[PDB]
């Protein structure tokens, strides 16, 4: 009923990791040609905590259930001064995602509740579909795990409005995922940094929109310290540049 030609390996991309003495994986998917490429087929399929990349499915469910009315609704800061300054202020869905404001999304999670969260992730075919742990932190220190190639599968459904939520919900999240746009490309993506449970990793998942194609990407990389957080985007763009996807 369905055909997949199989990922193609390209170890030459490891130079962009070793150049910064880093370890990780980049996965690319050419949508027009239905071809996949990665520097490490084993790590492409290794599943990790999604950490803040969970804001994508969390946003979708919150919108679809009415927990979030639209992208303008204001979520008032609760008063708790936290170590990331941009969290210590009011937010809407756009800025809550831009600044990765965990406490706003923890509230979403509590209002969604266990049963609806579990049912929706099953409908999404998201990762291992396991929400064991605190309803408001399981994507940070509980049971859910997702690999880079699984992030691509999920993102392809979101891109095509094929997830089992409303088209509007999907359009709103793709708007909030907007990260960069110029005359050559649009990037819709979400960063992540998983620290509560070993191993500490950085994530960047999303896609590059071109005039007549879309390249999906999912990367993660070992991140012992926050010093190399910028390497998530930098390494990914080096691979994009090498493959001639962006100038």
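Positions refer to the first chain, counted from 1.
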query	finding
Selected stretch [higher average CA B-factor]: 237 to 245 or 3 to 11	3 to 11
Between the two ranges 194 to 202 and 46 to 54, the one averaging a larger CA B factor in the entry	194 to 202
C-alpha B-factor winner, where the candidates are 157, 145, 110, 171	110
Selection by C-alpha B-factor (highest) of 99, 139, 77, 124	77
Position of residue 67 among the chain's modelled residues by C-alpha B-factor, lowest, middle or highest third	highest
Third of the chain, ranked by Cα B-factor, where residue 90 sits	highest
Among modelled residues of the same chain, the CA temperature factor third for residue 212	highest
Record-listed C-alpha B factor of residue 73: chain third	highest
Third of chain Cα B-factors occupied by residue 83	highest
